[PDB]
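Let's start with one chain on its own, the form deposited without its partner chain, as structure tokens.
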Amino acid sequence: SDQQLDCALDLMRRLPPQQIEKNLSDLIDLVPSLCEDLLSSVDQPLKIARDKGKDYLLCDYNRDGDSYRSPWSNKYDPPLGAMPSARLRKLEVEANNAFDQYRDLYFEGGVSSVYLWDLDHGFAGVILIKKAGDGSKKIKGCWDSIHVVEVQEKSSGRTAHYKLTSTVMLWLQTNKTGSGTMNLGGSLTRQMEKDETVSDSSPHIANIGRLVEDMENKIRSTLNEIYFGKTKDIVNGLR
């Protein structure tokens, strides 16, 4: 079914991007063979859970079984589990506290979550940021960003190699008198590969955050052009 999954992914790229949850569920009920292969390949909106006391975001890299581990309490909400090493868990808390400020400085709200896992010659992490514009009938929107970084140490540890892969899902809806209902939905994916020095004045998190910030500033610029420029010109070309 290698050509079956191809048509399944080609279908999700063409369907209305604000119905991925039900389409992917209908798509799995249609062909349950690729149930696991699709979920690990289809970009889905980030889901929110409660630590029970901040919110935290759910993904596959912080999941073990049918339970989800909180980045604050370090315990799975469905009690168990795969835990980070004591040295990595300490670096993970610094990462959550660093990207919690990054979330506030650039989004002024929303939820953020960082999860790390040890590989072999380094560690890899996921940065999850979720910003929703609720509480208004006329103006709505949401922003989901998923960053996966791979850190590779080089000998003495003065320089390391980083590999970044980011996806930003953007939705907007307006209900105005003149333009009626306008709905914009979609996403954008970028990859990165670079190495920077690792001194005491610039640790790993200072390098990872410096690459997430520059990436999201680049993605935002492209999103502003394809959302409010490219699609605008296509509309004016229809009339």
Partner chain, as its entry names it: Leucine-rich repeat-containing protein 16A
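In this text, rigid core is short for the largest set of C-alphas that superpose within 1.5 Å between two forms. Positions refer to the first chain, counted from 1.
The form deposited with its partner chain bound is left out here; the points below concern that form.
Its partner chain contact at residue 72 in the deposited bound form, heavy atom, 4.5 Å: No, residue 72 sits far enough from its partner chain in the deposited bound form that none of its heavy atoms falls within 4.5 Å.
Its partner chain contact at residue 28 in the deposited bound form, heavy atom, 4.5 Å: Although its partner chain is absent here, residue 28 would touch it in the deposited bound form, with heavy atoms inside 4.5 Å.
Partner contact for residue 149 in the deposited bound form: its partner chain, 4.5 angstroms, heavy atom: Yes, contact at 4.5 Å.
Contact test in the deposited bound form: residue 189 vs its partner chain, heavy atoms, 4.5 Å: Yes, residue 189 is a contact residue.
Partner contacts in the deposited bound form for 42-76 (non-hydrogen atom within 4.5 angstroms of its partner chain): The stretch touches the partner through 43, 60, 61, 62, 63, 64, 65, 66, 69, 76.
Post core alignment: residue 196 C-alpha displaced by 2 Å or more between the shown form and the other one: Residue 196: C-alpha displaced by less than 2 Å between the shown form and the other one.
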